[PDB]
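J.: Got a structure for you, questions after.
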Amino acid sequence: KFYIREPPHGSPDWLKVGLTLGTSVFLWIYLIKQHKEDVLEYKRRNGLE
Amino acid sequence: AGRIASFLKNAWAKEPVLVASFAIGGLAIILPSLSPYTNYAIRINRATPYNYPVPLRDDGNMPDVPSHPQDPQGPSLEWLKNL
Amino acid sequence: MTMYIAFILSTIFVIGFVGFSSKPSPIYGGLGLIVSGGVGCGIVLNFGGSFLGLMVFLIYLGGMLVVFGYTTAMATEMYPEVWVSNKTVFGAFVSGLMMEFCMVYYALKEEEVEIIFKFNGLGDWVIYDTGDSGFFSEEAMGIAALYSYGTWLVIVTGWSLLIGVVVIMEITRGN
Amino acid sequence: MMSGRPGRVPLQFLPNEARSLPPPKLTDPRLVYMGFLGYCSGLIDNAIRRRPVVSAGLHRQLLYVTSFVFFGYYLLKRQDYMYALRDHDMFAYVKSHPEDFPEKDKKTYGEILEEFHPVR
Amino acid sequence: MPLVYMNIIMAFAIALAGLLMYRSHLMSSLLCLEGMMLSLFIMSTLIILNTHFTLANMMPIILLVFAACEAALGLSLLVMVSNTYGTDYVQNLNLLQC
Amino acid sequence: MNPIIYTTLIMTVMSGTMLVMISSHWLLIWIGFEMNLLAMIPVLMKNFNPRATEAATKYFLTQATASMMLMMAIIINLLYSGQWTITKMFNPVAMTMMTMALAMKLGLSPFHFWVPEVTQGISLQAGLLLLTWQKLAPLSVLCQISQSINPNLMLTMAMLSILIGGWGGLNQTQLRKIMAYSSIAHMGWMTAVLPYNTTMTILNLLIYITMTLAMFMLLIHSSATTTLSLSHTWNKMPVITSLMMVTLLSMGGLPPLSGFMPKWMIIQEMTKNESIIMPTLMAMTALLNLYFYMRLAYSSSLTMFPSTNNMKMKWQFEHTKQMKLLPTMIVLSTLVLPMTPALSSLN
Amino acid sequence: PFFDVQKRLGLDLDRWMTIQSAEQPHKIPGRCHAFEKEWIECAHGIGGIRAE
Amino acid sequence: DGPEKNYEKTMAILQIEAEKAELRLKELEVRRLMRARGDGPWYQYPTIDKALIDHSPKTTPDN
C-alpha cells in the first residue's frame, strides 16, 4: 500500500529476528553460567571453599 | 552420464591439447601417492653419504652400532643392490 | 697483473652504475645497468655463486629486455634523448667518477677510509674461507633447500605471483 | 607496563591463572555502563536508517546490548588480570630487591623544621 | 669491510640518488629503481656466500622474485599514464594538484 | 572490477599486513610489505580516472622506494650481525635507514607529501582503506623495534608529522585532503609516544582507527567530497550531519569524548618520563586540528547552508547501501573515556 | 614478532632460517657456527637489555 | 547523619587514597629500575631461542 514498490523491510524477516533472539539468549546464559563457574572456581582455588 | 561423456569427447576433439595436458597432469599428482616405490626413492636419497659418518665414542652397551666397518651388524642396503 | 680483478669487477660495476643513474636516454641507462649486471655476475661468480650469478644473468637480462619493450613502445618520442643531449649528464657522470676514485685512492694510502662505515683497502681476496665442499656445491644445495625447508617462502611467493598477474590484468584492463 | 613476560602464551585472551582473581560482579558499575554503551549503539542504528529511534526492532537492540555487555565482561577479567600482574611482580621485585627500596625513616612534625611563610 | 662491499654499497647510494633525484623521466627513474635492487641482490649474495649461510642461499632469488614484480607493475603503470598523457615525462604529471 | 576479484584483493592486502604482524624473519616482513603494495595498487585504480592513475603512481613510487630502503636496513643489520630475527638493531645507520624507510610508508616526516595527494586522487572507500589499514604494518614493525630507535629522530619526526599535519589542513576544502592532513597529525601523535611505551601508541592507533571508519562511513553515507557538498547535506541527512558534528568534536580531543583519551594518556606517560616540554607542543598544535575541525562543523551542522531546488527530489530516495558497523563505529569513537583502564588489556 | 602465531599454534614458519646454526641442509655448518652457538646459548631467557 | 558517619567515612577515603598514591610513586620507581637493570619479569625484550641451534656432527669438524 501507499508506496507502490514493496517496502524493503515491509515484512517481518522471521529468520533473522529468530537468530537475533536465539543469540541474545545464548550470550546471556553463557554469560551467567560463566560467572557462576568463575566464582566457584575462585573459591575452591584460593581456599575459600 | 551422457553429458559428461559427450563433453569429454568434444574436448578431445575441440581442444585435444587441453585434454592431453589436463590428463597427464592429473596423473602427475595422483600416481606418486599411489605408487609403492616412492618410499624406495626416499631410501635411495638417505643411502647416499654426502658427508662422513662420524663415529661414536665407544663405552660399552651399544650392540647395535658395529665395532668395525666390516662388521655384520649395522645398517645394510642389500635392497639397493637388488634394486 | 690479474690479481686485482676481483676488485676491478666491482669498480667497473660502480662507474657503469653512475652512467646508468646519470639520467641519460632510457636505453643508455639500460646499457649502464647491462654492463653493471654483466660485471657483477663476475663478482658473484668468482665468490663461488655460480648458480646465483647465472640466475641473475638470465632473469635480469630478460627483465631489462621487457623494460625496453615499452621504451620503444610507451617511452619513445619524435626526438629520443642522446647520452650527450643534456649538459648536466656529463657533470653527473664525472661526479660519479671522482668520488669513488678519491675514496679508493685513500683506501690505497691509509686503508682506513672513514666514509660512513669502517672499511679496509686491503683487497678482497682475504675474506674468502678455507675449507671444502665434498661432492656438493653449497650454493646449489642451499637454493635447492627451497622445496624442503622453504615451506612458507614458496607458498607466499606463488600466491604473490598469482595476485601479481591478477593486478597486472586489472590495472591494464582499460575498462 | 609487558609483552616480554616469561611464560606468556600468545594470542591467549584469558590465561588460566587469572581465575584465582575475583571475577567481575554482574552488577559491576563499569559492566553496566558498557551495557548502557550497548543502548547507544542500538539507538543510533535506528537513527541512521531513519527508523523509529525509540522502538525500531528491539531484536537489533537485544544483541546490541547483550554482545557489548558480554565482550565487556571478558575484557574486565583481562583488565583486572593485567592490573593484578602489574601489582603482582611489583611486590616480587620489591621484596627481591630490598636495597633499591630503603626503609625510609618516619619522623613526626615535631622533629622537622618546616619554615612557615607569612602570606600577607 | 673490503672494497667489494664499498663498491656495491656506493653503487646503491648513487642508485638512490639517480632514482630519487628525478631528472625528467619516469621510465628511466624506475629503471634506476630496478638497478637499485640489483645492487642489493649482489650485496645480499656476498655475505650469504661468504658466511656459508646455506639456507639463506635461497633468499636472493626470493628477494629477486618480488622485486621484478614491482617493476612488473611499475612499467605497467607507466603505460597507463602514457596512453592518456602521451609520454613518461614527469612535468605534465600535474593534474592531481588540489 | 569483478566482485570476486575485489574480494581477492581485499584479502591479499589483509594477508600482506597479517604476514607483517605475525612473521619473525625480516625477509618475511618485507615480503608482506610488498604483497600489500602489489595488492593495494589495483583497488586504488578501481574507478579508473586520471586522478586515480596519478594517485596510484605516486603511491607506487613512494612505497617502492621506501621498501627498497627497508631492504637496505635489512641487508645492513644482516651484514653487521648475521641475524634475520626482528629485534634491536646492531648497526646505528641501519636503524636510521629503517626509520625513514618505514616513515615514508607512514607519511610522518617530509616523506609525507604523497598521502594528501593520493587521498585526493582515489575514491573515498579507497581512502578509508589507505588511511586505516595501511598503517597497521608499519606501526607493528616500529613497535617490534622500539628497543633501539634514536629518540631524537623519532621525536622530531613525529613533531613535524603533527605540525605540517595541522598546518596543511587549514587551507584545504576537499574533505579527503583535510582527512589526510588530520591522519598525518594523528600519525605524529602516536609516533611521538612510540619510543617510550608502545601500549599507548597501540591505544591511539585503535582510537584513530575507529574514529577514521566512523568518519569515512559518514562521508560516503553523505556522498560528499567538498566542504560545500557536505554543507548541502545538512538538509537530506540531519541525523548523519549531527553525528558528523559529534565525531568532529571527538576529532580534536575535547573531553569527555573518546579523542581526548589518547592525548591524555600520551601526555601523562610523556610526563612520567621527564618529557615535559615535548607534550606541550602537540597540546598547543592540536588547536590547529580543531580549527578546520570547527570549520567543517560550521559548514556541516551548526549553521544552515543554502540548499538547492533540485536537491528536493533527493528527499524521495533513501540510502540503500546499509554500510554496516556504523552505529557501533560511532559509539566506540564517542563514549569510551569511562573505560580508560581497559588500556591495560593491550599491555 | 607482534602476534607470534608460530609458537602459539605450534609450528615453525620462518624460524628455520633466522639463524645459521639451525639444521642446515646435509649438515653444512656456517662460517661462524661455533661463535653464534656461543652467543645464542649465552643469551637465552636473559632479556635483551640485560643480555647485551 | 551524625558527624561520626562522615568523619569515619572520610579517614577511610584518605587511607585508601594514600595507599594508592605511594603505590603510584613506587610503581614509577619500580618501572624505571626494571627498565634500566632489566633483572625482573617485565621490560624484558626478546632474544634468540636456544632450541633453534643444532649440535649434531657436521660435514666439516671444528664448526
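Ordered as shown in the C-alpha cells, chains take letters A, B, and onward, while each chain numbers its residues from 1 and ligands are numbered from 1 in the order shown.
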List every residue of segment 34-111 of chain C that DSSP, applied to the backbone of this structure, assigns to helix (DSSP H, G or I), and report them as an NGL selection string.
T.: :C and (34-45 or 50-71 or 88-109)
J.: Taking 6 positions as the minimum chain separation for residues in the same chain, which residues sit within 10 Å of residue 19 of chain A when counting only C-alpha atoms? Answer as a PDB file with N, CA, C and O atoms, in the first residue's frame.
T.:
```pdb
ATOM      1  N   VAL A  25      19.814 -14.831  23.800  1.00  0.00           N
ATOM      2  CA  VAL A  25      19.602 -15.814  24.863  1.00  0.00           C
ATOM      3  C   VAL A  25      20.873 -16.625  25.110  1.00  0.00           C
ATOM      4  O   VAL A  25      21.259 -16.871  26.260  1.00  0.00           O
TER       5      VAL A  25
ATOM      6  N   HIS D  59      14.745  -6.534  18.552  1.00  0.00           N
ATOM      7  CA  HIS D  59      15.665  -7.642  18.322  1.00  0.00           C
ATOM      8  C   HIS D  59      17.073  -7.138  18.028  1.00  0.00           C
ATOM      9  O   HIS D  59      18.057  -7.709  18.511  1.00  0.00           O
ATOM     10  N   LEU D  63      20.694  -7.865  20.820  1.00  0.00           N
ATOM     11  CA  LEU D  63      22.061  -8.303  20.559  1.00  0.00           C
ATOM     12  C   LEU D  63      23.044  -7.158  20.747  1.00  0.00           C
ATOM     13  O   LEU D  63      24.189  -7.384  21.151  1.00  0.00           O
TER      14      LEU D  63
END
```
J.: Could you give me, as number ranges by chain, the residues within 10 Å of residue 152 of chain C, counting only C-alpha atoms and dropping anything in the same chain fewer than 6 positions from it?
T.: C: 146; F: 28; G: 12-14
J.: Suppose we keep C-alpha atoms; can you now write the selection as a short mmCIF file (atom, residue, chain, number, x, y, z; two decimals), in the first residue's frame?
T.:
```cif
data_model
loop_
_atom_site.label_atom_id
_atom_site.label_comp_id
_atom_site.auth_asym_id
_atom_site.auth_seq_id
_atom_site.Cartn_x
_atom_site.Cartn_y
_atom_site.Cartn_z
CA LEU C 146 63.69 -24.16 -1.01
CA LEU F 28 59.04 -12.14 5.52
CA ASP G 12 57.86 -23.20 12.53
CA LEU G 13 57.03 -20.94 9.63
CA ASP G 14 60.20 -18.87 9.28
#
```
J.: Could you make a table, as CSV, of the residues of chain C that have an atom within 7 Å of an atom of chain E, each with its nearest atom pair and distance in Å to one decimal, counting only C-alpha atoms, in chain and number order?
T.:
```
residue,atom,partner,partner_atom,distance
C:7,CA,E:4,CA,6.3
C:10,CA,E:7,CA,5.7
C:11,CA,E:7,CA,6.4
C:14,CA,E:11,CA,5.3
C:17,CA,E:11,CA,6.3
C:18,CA,E:14,CA,6.6
C:21,CA,E:18,CA,4.7
C:22,CA,E:18,CA,6.5
C:23,CA,E:23,CA,6.4
C:26,CA,E:28,CA,5.0
C:29,CA,E:28,CA,6.8
C:33,CA,E:35,CA,6.4
C:44,CA,E:42,CA,6.7
C:49,CA,E:49,CA,6.7
C:67,CA,E:75,CA,6.9
C:74,CA,E:79,CA,5.8
C:75,CA,E:88,CA,6.0
C:118,CA,E:1,CA,6.5
C:119,CA,E:1,CA,4.5
C:120,CA,E:2,CA,5.4
C:121,CA,E:3,CA,6.1
C:122,CA,E:2,CA,6.7
C:123,CA,E:2,CA,6.2
C:124,CA,E:2,CA,5.4
C:128,CA,E:50,CA,6.7
C:138,CA,E:54,CA,6.5
C:139,CA,E:57,CA,6.0
C:142,CA,E:54,CA,4.7
C:143,CA,E:58,CA,4.4
C:145,CA,E:55,CA,6.8
C:146,CA,E:58,CA,6.4
C:164,CA,E:69,CA,6.9
C:168,CA,E:73,CA,6.4
C:172,CA,E:80,CA,6.8
```
J.: Mind listing as a PyMOL selection string which residues of chain C are within 10 Å of chain H, counting only C-alpha atoms?
T.: chain C and resi 131-134
J.: Have a look at F:26, F:33, F:196, F:60 and name the one nearest to chain E; count only C-alpha atoms.
T.: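 Among F:26, F:33, F:196, F:60, it is F:60 that comes nearest to chain E.
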J.: Counting only C-alpha atoms, which residues of chain G come no farther than 6 Å from chain H, as a count of residues only?
T.: 11
J.: Using only C-alpha atoms, pick whichever of F:144, F:53, F:96, F:65 has the shortest atom-to-atom distance to chain G.
T.: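 Residue with the minimum atom-to-atom distance to chain G: F:144.
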J.: Between atom CA of residue 143 of chain F and atom CA of residue 88 of chain D, measure the distance and give it in Å to one decimal.
T.: 25.2 Å
J.: Per residue of chain A within 12 Å of chain F, record the nearest atom pair and its distance in Å to one decimal, counting only C-alpha atoms, with rows in chain order and ascending residue number, as CSV.
T.:
```
residue,atom,partner,partner_atom,distance
A:3,CA,F:316,CA,11.0
A:7,CA,F:318,CA,11.4
A:8,CA,F:320,CA,9.1
A:9,CA,F:320,CA,11.3
```
J.: At most 6 Å is the cut-off: for each residue in chain F with any atom that close to an atom of chain D, write down the nearest atom pair and the distance in Å rounded to one decimal, counting only C-alpha atoms, chain first then increasing number, as CSV.
T.:
```
residue,atom,partner,partner_atom,distance
F:327,CA,D:45,CA,5.0
F:328,CA,D:41,CA,4.9
F:331,CA,D:41,CA,5.8
F:342,CA,D:79,CA,5.5
F:344,CA,D:79,CA,5.8
F:345,CA,D:79,CA,5.2
F:347,CA,D:2,CA,5.9
```
J.: Residues at most 7 Å from residue 161 of chain F, counting only C-alpha atoms, excluding those fewer than 6 positions away in the same chain, as a ChimeraX atom specification?
T.: /F:108-109,184-185,187-188
J.: Kindly give the distance, in Å, that separates atom CA of residue 46 of chain C and atom CA of residue 58 of chain C, rounded to a single decimal.
T.: 17.5 Å
J.: Just how far from atom CA of residue 40 of chain C is atom CA of residue 60 of chain C, in Å to one decimal?
T.: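 Between these atoms lies a distance of 11.6 Å.
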J.: Determine which residues of chain F sit within 9 Å of chain E, taking into account only C-alpha atoms, and present them as an NGL selection string.
T.: :F and (27 or 31 or 34-35 or 37-38 or 41 or 50-57 or 60-61 or 64-65 or 68-69 or 71-72 or 75 or 78-79 or 82 or 116-118 or 120-121 or 172 or 174 or 177)
J.: Go ahead and save the picked residues with N, CA and C atoms, as a short mmCIF file (atom, residue, chain, number, x, y, z; two decimals), in the first residue's frame.
T.:
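Once everything was written out, this is result28.cif:
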```cif
data_model
loop_
_atom_site.label_atom_id
_atom_site.label_comp_id
_atom_site.auth_asym_id
_atom_site.auth_seq_id
_atom_site.Cartn_x
_atom_site.Cartn_y
_atom_site.Cartn_z
N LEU F 27 63.00 -10.91 6.20
CA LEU F 27 62.62 -11.03 4.80
C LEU F 27 61.12 -11.19 4.67
N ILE F 31 58.44 -9.09 2.50
CA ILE F 31 57.50 -9.78 1.61
C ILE F 31 56.07 -9.35 1.87
N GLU F 34 55.52 -5.77 0.47
CA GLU F 34 55.26 -5.60 -0.95
C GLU F 34 54.03 -6.36 -1.40
N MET F 35 53.66 -7.42 -0.69
CA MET F 35 52.39 -8.07 -1.00
C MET F 35 51.28 -7.06 -0.88
N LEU F 37 51.65 -3.77 -1.01
CA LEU F 37 51.84 -2.76 -2.04
C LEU F 37 51.26 -3.22 -3.38
N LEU F 38 51.67 -4.41 -3.82
CA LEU F 38 51.22 -5.01 -5.06
C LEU F 38 49.72 -5.24 -5.07
N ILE F 41 47.50 -1.34 -5.08
CA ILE F 41 47.50 -0.50 -6.28
C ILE F 41 46.27 -0.72 -7.14
N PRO F 50 41.97 9.54 -14.43
CA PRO F 50 43.36 10.01 -14.44
C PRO F 50 43.85 10.49 -13.08
N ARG F 51 42.98 11.05 -12.24
CA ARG F 51 43.37 11.34 -10.87
C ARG F 51 43.76 10.06 -10.13
N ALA F 52 43.00 8.98 -10.34
CA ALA F 52 43.34 7.71 -9.72
C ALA F 52 44.68 7.20 -10.21
N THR F 53 44.95 7.33 -11.51
CA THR F 53 46.25 6.94 -12.04
C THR F 53 47.37 7.76 -11.41
N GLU F 54 47.16 9.06 -11.26
CA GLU F 54 48.12 9.92 -10.59
C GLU F 54 48.40 9.44 -9.17
N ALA F 55 47.33 9.22 -8.39
CA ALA F 55 47.48 8.81 -7.00
C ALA F 55 48.19 7.47 -6.90
N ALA F 56 47.80 6.52 -7.75
CA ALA F 56 48.43 5.21 -7.74
C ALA F 56 49.90 5.29 -8.11
N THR F 57 50.25 6.13 -9.10
CA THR F 57 51.65 6.27 -9.49
C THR F 57 52.48 6.85 -8.35
N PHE F 60 52.88 4.23 -5.68
CA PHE F 60 53.82 3.20 -6.09
C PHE F 60 55.25 3.67 -5.95
N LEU F 61 55.56 4.86 -6.47
CA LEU F 61 56.93 5.35 -6.39
C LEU F 61 57.38 5.48 -4.94
N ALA F 64 57.57 1.96 -3.15
CA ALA F 64 58.64 1.12 -3.69
C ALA F 64 60.00 1.61 -3.22
N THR F 65 60.23 2.93 -3.27
CA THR F 65 61.48 3.46 -2.73
C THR F 65 61.61 3.12 -1.25
N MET F 68 62.55 -0.46 -0.75
CA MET F 68 63.94 -0.71 -1.12
C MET F 68 64.89 -0.26 -0.01
N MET F 69 64.63 0.91 0.58
CA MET F 69 65.41 1.33 1.75
C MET F 69 65.18 0.40 2.94
N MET F 71 64.79 -2.94 2.65
CA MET F 71 65.83 -3.94 2.38
C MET F 71 67.24 -3.42 2.61
N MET F 72 67.48 -2.13 2.45
CA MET F 72 68.83 -1.67 2.75
C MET F 72 69.12 -1.84 4.24
N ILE F 75 69.64 -5.55 4.90
CA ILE F 75 70.93 -6.07 4.48
C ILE F 75 72.03 -5.59 5.42
N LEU F 78 71.85 -7.40 8.75
CA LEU F 78 72.32 -8.75 8.46
C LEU F 78 73.84 -8.79 8.35
N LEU F 79 74.42 -7.83 7.62
CA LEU F 79 75.86 -7.80 7.41
C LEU F 79 76.60 -7.61 8.73
N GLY F 82 74.47 -10.78 11.09
CA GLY F 82 74.14 -12.12 10.61
C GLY F 82 72.93 -12.74 11.26
N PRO F 116 48.45 13.26 1.21
CA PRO F 116 47.32 14.13 0.87
C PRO F 116 46.95 14.01 -0.59
N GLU F 117 47.95 13.86 -1.45
CA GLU F 117 47.66 13.85 -2.87
C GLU F 117 46.95 12.54 -3.22
N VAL F 118 47.52 11.42 -2.78
CA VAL F 118 46.96 10.12 -3.13
C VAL F 118 45.55 10.00 -2.57
N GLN F 120 43.52 12.56 -2.27
CA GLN F 120 42.72 13.34 -3.21
C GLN F 120 42.36 12.52 -4.44
N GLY F 121 43.30 11.71 -4.94
CA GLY F 121 43.08 11.03 -6.20
C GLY F 121 42.01 9.96 -6.14
N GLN F 172 42.55 23.74 3.08
CA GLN F 172 42.02 22.67 2.25
C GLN F 172 40.51 22.58 2.45
N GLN F 174 38.70 20.20 0.26
CA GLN F 174 38.39 18.81 -0.07
C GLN F 174 38.45 17.96 1.19
N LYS F 177 41.34 15.70 1.49
CA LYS F 177 42.61 16.34 1.83
C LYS F 177 42.69 16.67 3.32
#
```
J.: Set the cut-off to 12 Å and count only C-alpha atoms: what are the residues of chain D that reach chain H? Output as a list in words.
T.: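 Using only C-alpha atoms, chain D residues at most 12 Å from chain H: residues 1, 2, 3, 4, 5, 6, 7, 8, 82, 83, 85, 86, 87, 88, 89, 90, 91, 92, 93, 94, 95, 96, 97, 98, 99, 100, 101 and 102 of chain D.
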J.: At most 7 Å is the cut-off: for each residue in chain A with any atom that close to an atom of chain D, write down the nearest atom pair and the distance in Å rounded to one decimal, counting only C-alpha atoms, chain first then increasing number, as a Markdown table.
T.:
```
| residue | atom | partner | partner_atom | distance |
| --- | --- | --- | --- | --- |
| A:17 | CA | D:59 | CA | 6.0 |
| A:20 | CA | D:59 | CA | 6.0 |
| A:21 | CA | D:59 | CA | 6.2 |
| A:24 | CA | D:63 | CA | 5.2 |
| A:27 | CA | D:66 | CA | 6.7 |
| A:28 | CA | D:66 | CA | 6.9 |
| A:31 | CA | D:70 | CA | 6.6 |
| A:38 | CA | D:23 | CA | 6.2 |
| A:39 | CA | D:23 | CA | 6.4 |
| A:41 | CA | D:19 | CA | 6.9 |
| A:42 | CA | D:20 | CA | 5.2 |
| A:45 | CA | D:20 | CA | 6.2 |
| A:46 | CA | D:20 | CA | 6.4 |
```
J.: Check every residue of chain F for an atom within 12 Å of chain C, counting only C-alpha atoms, and provide those that qualify as a VMD selection string.
T.: chain F and resid 1 to 2 4 to 13 15 to 16 19 23 25 27 to 50 52 to 53 56 to 57 76 79 to 80 91 to 94
J.: Suppose we keep C-alpha atoms; can you now write the selection as an mmCIF file, in the first residue's frame?
T.:
```cif
data_model
loop_
_atom_site.group_PDB
_atom_site.id
_atom_site.type_symbol
_atom_site.label_atom_id
_atom_site.label_comp_id
_atom_site.auth_asym_id
_atom_site.auth_seq_id
_atom_site.Cartn_x
_atom_site.Cartn_y
_atom_site.Cartn_z
ATOM 1 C CA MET F 1 36.185 -4.743 -11.079
ATOM 2 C CA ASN F 2 34.893 -8.314 -10.633
ATOM 3 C CA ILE F 4 35.351 -11.845 -6.557
ATOM 4 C CA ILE F 5 38.486 -10.114 -7.863
ATOM 5 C CA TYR F 6 37.798 -7.259 -5.455
ATOM 6 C CA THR F 7 37.426 -9.732 -2.592
ATOM 7 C CA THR F 8 40.676 -11.448 -3.515
ATOM 8 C CA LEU F 9 42.330 -8.025 -3.489
ATOM 9 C CA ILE F 10 40.810 -7.343 -0.058
ATOM 10 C CA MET F 11 42.242 -10.448 1.464
ATOM 11 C CA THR F 12 45.647 -10.303 -0.186
ATOM 12 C CA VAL F 13 46.037 -6.781 1.245
ATOM 13 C CA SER F 15 47.154 -11.113 4.406
ATOM 14 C CA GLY F 16 50.095 -8.916 3.451
ATOM 15 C CA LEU F 19 52.307 -11.548 7.373
ATOM 16 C CA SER F 23 56.313 -13.077 10.891
ATOM 17 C CA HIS F 25 62.073 -13.357 9.779
ATOM 18 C CA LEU F 27 62.622 -11.031 4.804
ATOM 19 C CA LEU F 28 59.044 -12.137 5.521
ATOM 20 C CA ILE F 29 58.251 -8.651 6.840
ATOM 21 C CA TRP F 30 59.497 -7.172 3.577
ATOM 22 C CA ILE F 31 57.502 -9.781 1.609
ATOM 23 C CA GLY F 32 54.321 -8.808 3.425
ATOM 24 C CA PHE F 33 55.042 -5.139 2.774
ATOM 25 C CA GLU F 34 55.259 -5.596 -0.954
ATOM 26 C CA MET F 35 52.395 -8.072 -1.001
ATOM 27 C CA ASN F 36 50.300 -5.252 0.393
ATOM 28 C CA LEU F 37 51.841 -2.756 -2.044
ATOM 29 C CA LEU F 38 51.220 -5.011 -5.061
ATOM 30 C CA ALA F 39 47.685 -5.697 -3.817
ATOM 31 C CA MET F 40 46.522 -2.169 -2.987
ATOM 32 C CA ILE F 41 47.504 -0.501 -6.277
ATOM 33 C CA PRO F 42 44.632 -2.085 -8.286
ATOM 34 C CA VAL F 43 41.892 -1.193 -5.788
ATOM 35 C CA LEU F 44 43.146 2.400 -5.858
ATOM 36 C CA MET F 45 42.620 2.112 -9.634
ATOM 37 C CA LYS F 46 39.069 0.767 -9.274
ATOM 38 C CA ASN F 47 37.428 3.975 -10.508
ATOM 39 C CA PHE F 48 39.990 4.316 -13.335
ATOM 40 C CA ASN F 49 40.169 8.069 -13.653
ATOM 41 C CA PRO F 50 43.364 10.015 -14.440
ATOM 42 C CA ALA F 52 43.336 7.713 -9.717
ATOM 43 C CA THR F 53 46.255 6.939 -12.035
ATOM 44 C CA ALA F 56 48.431 5.206 -7.740
ATOM 45 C CA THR F 57 51.646 6.269 -9.487
ATOM 46 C CA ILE F 76 72.989 -3.812 6.739
ATOM 47 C CA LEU F 79 75.858 -7.803 7.414
ATOM 48 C CA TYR F 80 76.781 -6.422 10.831
ATOM 49 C CA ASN F 91 74.220 -1.075 13.495
ATOM 50 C CA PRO F 92 73.018 2.512 14.064
ATOM 51 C CA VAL F 93 72.749 3.651 10.449
ATOM 52 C CA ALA F 94 70.714 0.518 9.716
#
```
